[PDB]
Amino acid sequence: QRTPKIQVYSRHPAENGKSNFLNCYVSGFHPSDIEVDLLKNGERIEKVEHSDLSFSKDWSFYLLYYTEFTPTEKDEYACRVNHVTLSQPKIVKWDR
Amino acid sequence: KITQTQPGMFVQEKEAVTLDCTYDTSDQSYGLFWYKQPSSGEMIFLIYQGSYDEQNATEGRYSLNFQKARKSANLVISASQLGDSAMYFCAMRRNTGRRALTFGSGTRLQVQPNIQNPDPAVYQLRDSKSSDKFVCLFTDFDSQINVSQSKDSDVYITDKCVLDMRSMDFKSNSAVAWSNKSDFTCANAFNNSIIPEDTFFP
Amino acid sequence: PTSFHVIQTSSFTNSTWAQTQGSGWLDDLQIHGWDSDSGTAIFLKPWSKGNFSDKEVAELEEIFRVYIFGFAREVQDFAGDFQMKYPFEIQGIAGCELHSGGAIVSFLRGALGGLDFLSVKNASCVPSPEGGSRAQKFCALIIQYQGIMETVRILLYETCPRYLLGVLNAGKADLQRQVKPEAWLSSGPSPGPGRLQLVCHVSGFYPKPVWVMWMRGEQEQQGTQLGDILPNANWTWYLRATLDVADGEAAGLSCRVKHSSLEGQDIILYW
Amino acid sequence: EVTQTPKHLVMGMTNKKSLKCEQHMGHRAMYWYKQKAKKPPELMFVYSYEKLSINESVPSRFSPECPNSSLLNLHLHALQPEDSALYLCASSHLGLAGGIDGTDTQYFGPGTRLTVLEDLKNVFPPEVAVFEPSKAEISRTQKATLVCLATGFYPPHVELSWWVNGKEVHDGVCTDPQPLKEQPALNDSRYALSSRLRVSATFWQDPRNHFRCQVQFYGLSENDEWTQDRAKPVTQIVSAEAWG
Ligand SMILES: CCCCCCCCCCCCCCC[C@@H](O)[C@@H](CCCCCCCCCCCCCC)C(=O)OC[C@H]1O[C@H](O[C@H]2O[C@H](CO)[C@@H](O)[C@H](O)[C@H]2O)[C@H](O)[C@@H](O)[C@@H]1O
Ligand SMILES: *[C@@H]1O[C@H](CO)[C@@H](O)[C@H](O)[C@H]1NC(C)=O
Ligand SMILES: *[C@@H]1O[C@H](CO)[C@@H](O)[C@H](O)[C@H]1NC(C)=O
Ligand SMILES: *[C@@H]1O[C@H](CO)[C@@H](O)[C@H](O)[C@H]1NC(C)=O
């Protein structure tokens, strides 16, 4: 049992009115069952895509969920992860 | 691919016949199978030899001549009986292959009986109901002589078929021929095929 | 160093429910995806086939398809004897690595519940002690099946090196390209009064190795934490280097980035 | 052993039929083979763990299906005349269950002689007759040779058998392995088959012995569509008798 570690970031520096990629990378968790959502201001961005399942030399999995977006000054982006090792879902807010 | 390179083999009864099968796969670690298909159609497994078994697999009357270096494994049947007349296939399965059998072209085997006292003759058989219809039979001839189909497209001539009786332990080749042409008589039915000179006629 | 390996993850929930996923990776770029529903292989790159012919590609695909179909059923069959407790997970990774100097080394490793179970060297049992008693038991049974061991050895020491060389030569253009790294600077709320954090983000670079340092002129300033090199879609990498410092000393500081794609033209970001 | 009902099948270009192959040894993998005339069997489908693992470019008319782990059907509909051949079902062990010996031998079943037809008018029932032995034979060889002749049947799917005194026999009976075409160089030629029985002269000379050549013909099923004044060529038994 290993609690996932979550890191969120953007492929390009935070501009306003500029297309960019928002990534949420979850690492070092076990077992493989996990649910990850990307949250814009609380509602769920349903246009997220994820890479295939992989694991490191410790047999601890890791995934990334990345999506197109266009940051503004009012919006709010975060990553919500729920997994067996966590009793309540954990939210990690993207920083700028 | 597996090349049998054999049209068809003939062998007397109570002898040994070496059916050939040469494959061209350069990969090691495979499995060689032999399958027999009688006239009925069903495929009957015969013998199996692993590539690494370092020993010519023998099972019943079927032996093997597996030579890995020469890429050939000729099945050997010892003391062939009349029941060994069938299609023979040489299939091969590879460790990293198709996971299913791959058959060669196959080789017909026609074991023939040893006729002790040949007595070739042609007998005219009369129908049970209508005497006008009739067919006549060429029988009790030697194993070596073959019978060929007539050049005419109306005269019907069957194939040399070996008939065996377990009561008095008798085996005898025979062939039957009939036609609807009025002029057709087996005074000259088998005129196309070679016939023994002393063939008795009625 | 350029270790092409396929990986498999199987999750068993109940006596008749089990899922299986698989994928083949070059180093960390996914090359082969696997649709386990229809049991087909998806080639995610133009050079995913290497120099292999399509016929041997089909042969390998069918071998993997049969193995994927049967693994769950066989594990379910033997779980009664092995005293598996449901649910559980079985992971496997097998492939070949090209060491520097042209010495290809093949490897296979398995794990249950996140703990090492077994490995092969010279096509033989190596039951990892973490797997414990059952581990040995299992591989002992596995020793009996000569055909399975022969297939494993053939795929490991005879086919994997050929495939690895094929893809390394074929995918030469994509493997050895260079992309300049973007870089920028940001502030960070650090613990302690009169304190601050400086974050130098470097993104979009390839290949993976890179040297990023928070330096005051050429003083070679220490206290720079380099976070793990996070991946990024489009097949580049991202990395933030953080430095903690009290307010006032921010002047005279700059993050310096050295990467192969810059051919000695280092990136300097002043703060 | 493997059962592969039905053993014979005659089909049109619009009918839908099914082929059932069933084995109770519970192997694992099942196969479908198709063998043409005087050709090695060719693989069609492979089912591993009740999942289709190999499809050798078989057209979409064939619809295989593996409901149980000990069953493998094959549904056909709207076939074509070239699709007439012998269809064999095969079974074999797979890994971790066949034991130490990883031979994975394949066990075949009695194939199904599927002959499809674009015109149902061609199917005919055989006409059989029995020819009594000649006086020349019994005089010299002291043996009698009954000859049965089944002519004019199509498709060539018949099973000839001899019955002496109401009892099926297997001693001193021979039959041509393959039927002989009646009008060669024609794709719709009717077929003729022959068989011979040899017995002692005394046996034939008894006036209280019954010889019956019985031909089992596999033709049209009862539910097929017949629109001809001729009797519907259903599968039937045609026999001819003889007395001493
Ligand atoms: C090109 C990419 C490079 C990546 C390389 C990846 C390295 C490792 C890959 C190994 C994957 C597994 C391969 C074997 C699985 C199939 O081949 C097998 C299907 C059934 C498997 C179900 C149970 C699996 C248990 C775990 C196995 C691995 C554990 C690791 C141990 C440490 C299969 O193919 O079985 C079919 C038959 O194969 C052989 O039979 C074949 O060979 C013999 C003679 O050699 C012939 O007689 C046969 O005709 C031929 O089919 C086996 O002998 C037989 O038992 C199998 O039934
Ligand atoms: C047995 O196999 C070996 C291996 O090639 C061969 O040299 C030898 O002739 C075989 N023996 C017989 C009797 O065929
Ligand atoms: C008869 O057929 C056999 C088998 O092909 C052949 O070896 C033999 O030479 C033939 N004899 C004659 C007279 O045609
Ligand atoms: C096999 O492949 C052919 C190729 O077109 C396809 O038409 C057919 O439906 C396939 N059969 C099955 C059972 O998937």
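Tabulated values for the structure
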| read-out | value |
| --- | --- |
| Qualifying positions in the range C:177-218 - within 11 Å of chain A (Cβ to nearest Cβ), of a type in the set (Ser, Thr, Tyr) and farther than 13 Å from C:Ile229 by Cα | C:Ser186, C:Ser187 |
| Options C:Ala18, C:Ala111: the member that is surrounded by 15 or more Cβ atoms within 10 Å (Cβ to Cβ), over 23 Å from B:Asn95 (Cβ atoms), within 14 Å of chain D (Cβ to nearest Cβ) and among the small types (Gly, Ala, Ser) | C:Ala18 |
| Sole residue being within 18 Å of D:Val116 (Cα to Cα), in contact (Cβ under 8 Å) with a residue 24 or more places away in the chain and of a type outside the set (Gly, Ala, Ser), chosen from D:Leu71, D:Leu9 | D:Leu9 |
| Residue match in the range A:77-93 (condition: within 19 Å of C:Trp237 (Cα to Cα) and either of a type outside the set (A, V, I, L, M, F, W, C) or assigned to a strand (DSSP E or B) (or both)) | no |
| 2 or more residues outside the structural domain of C:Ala123 (by TED's automatic domain parsing) and within 21 Å of the chain's Cα centre (by Cα): qualifying strands (runs of 3 or more DSSP E) within the range C:153-271 | C:195-205, C:230-232, C:236-246 |
| Which numbered condition B:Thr96 fails, given (1) closer than 15 Å to B:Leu32 by Cβ; (2) outside any strand (DSSP E or B); (3) touching a residue at least 40 places away in the same chain (Cβ under 8 Å) | (1) |
| Candidates B:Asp159, B:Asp142, B:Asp127, B:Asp164 - the one that is surrounded by fewer than 20 Cβ atoms within 10 Å (Cβ to Cβ), within 24 Å of the chain's Cα centre (by Cα) and at the interface with chain D (Cβ under 7 Å from one of its Cβ atoms) | B:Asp159 |
| Among residues of the range D:47-69, those that are out of contact with any helix residue (DSSP H, G or I) (no Cβ under 9 Å at 6 or more places or on another chain) and away from ligand 1 (no atom under 16 Å from the Cβ), counted | 11 |
| Of all residues making up the range C:88-108, the number that are within 14 Å of chain A (Cβ to nearest Cβ) and not polar (S, T, N, Q) | 10 |
| Every residue from the range D:88-108 that is polar (S, T, N, Q) and at the interface with chain C (Cβ under 8 Å from one of its Cβ atoms) | none |
| Boolean, B:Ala73 is surrounded by fewer than 16 Cβ atoms within 10 Å (Cβ to Cβ), away from every other protein chain (no Cβ under 14 Å) and small (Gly, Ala, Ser) | no |
| Some residue of the range D:130-153 being closer than 30 Å to D:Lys232 by Cβ and either assigned to a loop (DSSP other than H, G, I, E, B) or out of contact with any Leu (no Cβ under 9 Å at 6 or more places or on another chain) (or both) | yes |
| Members of the range B:76-93 found to be surrounded by fewer than 16 Cβ atoms within 10 Å (Cβ to Cβ), assigned to a loop (DSSP other than H, G, I, E, B) and either at the interface with chain D (Cβ under 10 Å from one of its Cβ atoms) or in contact with a strand residue (DSSP E or B) (Cβ under 9 Å, 6 or more places away or on another chain) (or both), listed by number | B:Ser78, B:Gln81 |
| Residue under evaluation D:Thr175, criteria (1) in contact with a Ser or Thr (Cβ under 6 Å, 6 or more places away or on another chain); (2) more than 10 Å from chain B (Cβ to nearest Cβ); (3) within 19 Å of B:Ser174 (Cα to Cα), criterion not met | (2) |
| Total residues in the range B:59-72, condition assigned to a strand (DSSP E or B) and either in contact with a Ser or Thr (Cβ under 7 Å, 6 or more places away or on another chain) or more than 14 Å from ligand 1 (Cβ to nearest atom) (or both) | 7 |
| Test set (1) more than 10 Å from ligand 1 (Cβ to nearest atom); (2) on the phi > 0 side of the Ramachandran plot; (3) among the aliphatic types (A, V, I, L, M) - C:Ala135 fails condition number | (2) |
| Residue list for the range B:68-127, restricted to those being of a type in the set (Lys, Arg) and away from ligand 2 (no atom under 16 Å from the Cβ) | B:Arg93, B:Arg94, B:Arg98, B:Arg99, B:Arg108, B:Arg126 |
| Check on D:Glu65, within 16 Å of ligand 4 (Cβ to nearest atom) and within 14 Å of chain C (Cβ to nearest Cβ) | no |
| Yes/no for B:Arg98 being closer than 30 Å to D:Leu94 by Cβ, within 10 Å of chain D (Cβ to nearest Cβ) and of a type outside the set (A, V, I, L, M, F, W, C) | yes |
| Test for A:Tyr9: is it within 15 Å of the chain's Cα centre (by Cα), within 10 Å of chain C (Cβ to nearest Cβ) and in contact (Cβ under 8 Å) with a residue 40 or more places away in the chain | yes |
| Per-region count, the range D:44-62, residues within 9 Å of ligand 4 (Cβ to nearest atom) and of a type in the set (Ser, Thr, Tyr) | 2 |
| Hey, D:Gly111 within 16 Å of ligand 1 (Cβ to nearest atom), at the interface with another protein chain (Cβ under 7 Å from one of its Cβ atoms) and crowded, with 19+ Cβ neighbours inside 10 Å or not | no |
| Entirely in the range B:119-195, the strands (runs of 3 or more DSSP E) that have 1 or more residues that are aliphatic (A, V, I, L, M) and within 16 Å of ligand 3 (Cβ to nearest atom) | B:161-165, B:170-178 |
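Here Cβ is always computed from backbone atoms with ideal geometry, including for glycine, and neighbour counts include all displayed protein chains. The values are calculated or read from the model by the stated rules, or taken from the named source; these are not laboratory values.
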